[PDB]
Amino acid sequence: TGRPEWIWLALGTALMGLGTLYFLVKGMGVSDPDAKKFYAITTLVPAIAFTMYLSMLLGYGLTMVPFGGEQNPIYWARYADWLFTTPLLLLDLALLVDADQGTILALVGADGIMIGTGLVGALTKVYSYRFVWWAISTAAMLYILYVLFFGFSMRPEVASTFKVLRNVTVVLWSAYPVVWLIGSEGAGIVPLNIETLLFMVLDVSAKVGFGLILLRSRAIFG
Amino acid sequence: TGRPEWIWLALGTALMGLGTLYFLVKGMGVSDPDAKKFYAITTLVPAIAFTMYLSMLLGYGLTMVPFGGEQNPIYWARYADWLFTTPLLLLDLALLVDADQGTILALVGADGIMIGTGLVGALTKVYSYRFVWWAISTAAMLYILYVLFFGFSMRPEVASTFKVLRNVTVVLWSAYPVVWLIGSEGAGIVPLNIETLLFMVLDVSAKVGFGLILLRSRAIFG
Amino acid sequence: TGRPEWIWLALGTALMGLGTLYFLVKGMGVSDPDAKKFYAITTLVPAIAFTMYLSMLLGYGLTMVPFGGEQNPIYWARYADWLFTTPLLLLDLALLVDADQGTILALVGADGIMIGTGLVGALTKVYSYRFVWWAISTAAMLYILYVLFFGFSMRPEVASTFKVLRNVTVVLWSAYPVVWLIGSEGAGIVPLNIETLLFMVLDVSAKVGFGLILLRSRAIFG
Ligand SMILES: *C/C=C(C)/C=C/C=C(C)/C=C/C1=C(C)CCCC1(C)C
Ligand SMILES: *C/C=C(C)/C=C/C=C(C)/C=C/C1=C(C)CCCC1(C)C
Ligand SMILES: *C/C=C(C)/C=C/C=C(C)/C=C/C1=C(C)CCCC1(C)C
């Protein structure tokens, strides 16, 4: 179409779609109850992202938000995505280490707060206040990071995989607040097509890359 | 009112309302923890549908979607309904056979995808793309059907009831994609008042009929 | 700002924000898995309410609903709040007494119905029908009250705390339907600024007061 970012939304759609089919096939032969859990969570993450990448591609997941003078194009569908896929990615981490349910409920709820405040900030018409919501969301993000590092005798199959996925998680998740801030939702420093490319690379890596490291590990079997 | 389908929405409201009160009363005397589970899930399905049938009756759950030339009346409230009642109906099936949590998470998430893509398709303003969302939703539907047949030593109380409810589920659920397709959301082949009658018969049977077969069975007790 | 209720929204924001930080700190040193559960649920309730009080403060969580002649200001964000915090408050009660999952699913679903019908009623443009939704919502409220009293050998640490929190819950929750009814959502008897003060006192007490009684009790430890 007439949106230069179209290409990145198309590529994202395609990579999430093929990741989903790859993990669907791979989990084909699994009967270990624990492994099945990791396969369900992990296949669903890019299947959901596939649908929201498609909706942005076709224009459904775009709206116009007036602020600081202009009519700003905001991809809201990303927050419908993340609202479900980010807790699921935290659940993969949580089950891996056999987390207490109280830590799991802290993680999923802090994550909800993160995305939902992210979404408010994305849709807020008073420019200055958009960054008060960014800050609140970043604080929930940093609570989550804190818990993944200080919130938790695992078998070494689990600890090595956990540590890797944990490192991947903090490095990539921590880049989203930065892209938002300098992108079209925030200061408007980086154009939307570049932003959309940044978010596509993070999203494919955080979902499909993350899942490839997880699902190739023996950590997931009981 | 001035909507010919009003009658079917009124009848649906009434039948869901009486189903809810019937199951509420029936579960009155239950103390078996397992049976209580089946009674909670099963009573809630038509209580939620009661509220969304009422909202369509009163006009709240209707919006206008422009596409292929016209201003199309779309009952969106059906998707608020299904978003919660269809996973609950799958949970009744799942608990019955003592499903692994990984199979339960695959079912509920595939179901979310099904309804949420159904909803996108219902609200999409580009006529051709409405059927790309229909197709994606039908694929999640067929994954669910596949799992109910190939995804799963139960006591014979469970297997006989499970098989029946399973058969009821595939026959009725599989008719929704067809009604949508030829109805006002799709090709516009069947008028909205006839569509609304079709959806009312399916919905009462899939919820109240399904629950009557379930809740009259000894399969639900530990 | 130019809204007289601004002050109560500001005070509510501040009290929910300090409650959240207080409970965050207090739960700092907890390792008992059961206590951690109570701390997660209980800290999250005012953290979520903090964000929705802020959004009403800044104007995001306000919309205009035309009915009975006028353009009515409706704070919708309260229902985004309650949709999650009221089930969490019921979960604190439920875990305390070691409730059956079927009773927990009845509680959370009745609560969803309560808030979601509350929200429909708040946004309904036909004045008379707003009170049909109020009535349906009040009925779910009374089902919840019934279950907390008749739905359930606990150790006396639990029974004393449970009884207190239970009493707090019915007295304060039962006042919300009254405030709505005579406030701006309903008959328009009490002005919006007074209503907003009423809701702020109930909300701080039902969340922060409730949590102080809970989290100071030994009932929460295994
Ligand atoms: C699959 C997608 C992933 C892992 C996305 C993660 C997104 C975040 C961690 C987003 C965080 C944000 C904040 C901390 C600041 C406000 C804006 C957000 C939502 C982009
Ligand atoms: C109580 C209601 C039930 C059991 C409704 C079930 C609805 C479906 C199985 C709907 C499926 C659809 C698709 C597969 C295609 C797109 C449209 C839908 C949502 C009607
Ligand atoms: C933290 C907030 C709490 C505990 C809020 C509880 C709110 C209710 C119990 C609300 C009930 C309502 C009805 C029963 C009638 C319709 C309107 C409502 C949603 C205000």
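A, B, ... follow the sequence lines: proteins, then strands. Residue 1 opens every chain. Quick note: numbers below take in every heavy atom, side chains included, and nothing from hydrogens, waters or symmetry partners.
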If one checks every heavy atom of A:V126 against chain C at 4.5 Å, the contacting part turns out to be neither

Do C:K37 and A:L105 come close enough that some side-chain heavy atom pair is under 4.5 Å? no

May I ask you to check whether over 12 heavy atoms, not counting those of A:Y60, lie within 6.0 Å of atom OH? yes

With a 4.5 angstrom heavy-atom cut-off, which part of C:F50 approaches chain A: side chain, backbone, both or neither? side chain

Identify which of A:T117, A:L123, A:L107 forms the greatest number of heavy-atom pairs closer than 4.5 Å to chain C. A:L123

For atom OH of C:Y146, decide whether the heavy atoms of other residues, nucleotides or ligands shown that lie under 6.0 angstrom number more than 12. no

C:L58 versus A:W133, closest heavy-atom pair with distance: CD1-NE1, 3.8 Å

Check C:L44 against A:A110 and note the closest heavy-atom contact, atom names and distance. CD2-N, 4.0 Å

Should we count CE of C:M64 as having more than 12 external heavy atoms under 6.0 Å? yes

I'd like to know whether CG of C:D98 has more than 12 heavy-atom contacts from other residues, nucleotides or ligands below 6.0 angstrom. no

Residues A:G102 and C:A40: closest non-hydrogen pair is O-CB, 3.5 Å

Over 12 non-hydrogen atoms of neighbours within 6.0 angstrom of CD in C:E157: yes

Would you indicate whether C:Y176, at its atom OH, is surrounded by more than 12 heavy atoms from other residues, nucleotides or ligands within a distance under 6.0 Å? yes

Note, A:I136 side chain near C:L54 side chain (heavy atom, < 4.5 Å): yes

